[PDB]
């Protein structure tokens, strides 16, 4: 019953997802985990906070960063890889120091990239400029950014979100 809605919510969306839509689910899945880890930390549940951050780190590392293609991507892939390494390093500090603003800036940097990715459908201060450069590359270079990021397998997206 309860697991039926949770299973269909992910499986029915992954099986019909294009290579571009598989990346959208990783951004949306990582965003909800960061908000969960933020709300858990605001209440005091450090255990649940650590569980939510581990899911967010797993989506960014083994999903978004794992789907990066160096050769076909070029500058877009490496710029996202450095930007993804900053998020993982900041979320590890957010779980070890119980820092809430560290989750918020990663939540903000991910949204700065995901908003540009949702509009490209196929047919501290230094990290912000790194995301702005990636945001401009995604909007101005569509196909090369799809070759850079949209390379994940539906089998991997399911296990990361399930």
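Positions refer to the first chain, counted from 1.
The PDB entry records a higher mean C-alpha B factor for 38 to 46 than for its counterpart among 124 to 132 and 38 to 46. Stretch comparison (67 to 75 versus 88 to 96) by mean CA B-factor in the PDB entry places 67 to 75 on top. Annotation for residue 158: C-alpha temperature factor in the highest third relative to the rest of the modelled chain, per the entry. The entry lists a Cα temperature factor for residue 4 that places it in the middle third of the chain's modelled residues. The deposited CA B-factor of residue 32 belongs to the lowest third of values across its chain. Compared with the other modelled residues of the chain, the Cα B-factor recorded for residue 54 ranks in the middle third. In this PDB entry, the Cα temperature factor of residue 13 sits in the bottom third of its chain's modelled residues, the lowest group.
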